[PDB]
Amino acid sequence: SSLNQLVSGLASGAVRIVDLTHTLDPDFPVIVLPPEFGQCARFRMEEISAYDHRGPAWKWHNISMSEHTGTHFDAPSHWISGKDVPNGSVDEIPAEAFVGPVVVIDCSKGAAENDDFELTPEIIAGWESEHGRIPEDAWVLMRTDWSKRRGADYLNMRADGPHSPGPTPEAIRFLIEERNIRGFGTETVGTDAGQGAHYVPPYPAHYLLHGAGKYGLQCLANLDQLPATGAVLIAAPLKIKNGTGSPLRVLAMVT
């Protein structure tokens, strides 16, 4: 069966697993919004005990964060457009959605030349002419190697806001309506471009994806280790009651 052969492949090294997740720690940046809005929290952790009088033979921590901290998954209820879609929270999404085919569109050269680099319908058509049509219900990842930027360069906040690559409304509408993708993922802090508030509609990845009951992934790492096609993405969010998303361990299995 396919499961027995996956086990054999993982055992022999014919199938490798790539970790697409940033480490959770207090220093990792989270999305920054205008100061009048409630803000996403950074990851924090505190010891309960560390093999001491509070717990002599064990070590463990309390942790705090937001649903949208670090490498994380966005459910449709995250956006106003996904308010009434079925199974809109992370605890309600059907489990078969958490494992599936993934395609990677390499936009890293574009991002290196332009902070606001745009994934367009034209780029998608060019990619498909080379790698074949995007299969239905696939995860689509926009590779930018943005995960290599550290410090203030990662959010890349300027006076007129953050500047980081992302999809145009037309690119997202195409993926949803013409390809019925499962979800869209980025190496940036958001599924939308840094300047994405200024598209029509505002935050089109969030508005259109979540309005269609589709999912988002953000702050992905190591996309440069993945093939354009043929890998399998594992992205199972925490089963948070009525959760709009959660941090998660994103993995890719590759041949």
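One-based numbering along the sequence shown.
Stretches compared: 194 to 202, 29 to 37. Higher mean C-alpha B-factor in the entry: 29 to 37. The mean Cα B-factor in the deposited entry runs higher for 143 to 151 than for the other of 178 to 186 and 143 to 151. Highest C-alpha temperature factor among 80, 107, 172, 75, as the PDB entry reports it: 80.
Taking the PDB entry at face value, the top CA B factor among 100, 121, 88, 166 belongs to 121. Sort the modelled residues of the chain by CA B factor and residue 10 lands in the highest third.
In the deposited entry, the Cα temperature factor of residue 254 places it in the middle third of its chain's modelled residues. Among the modelled residues of its chain, residue 71 has a C-alpha B-factor that falls in the lowest third, as given in the PDB entry.
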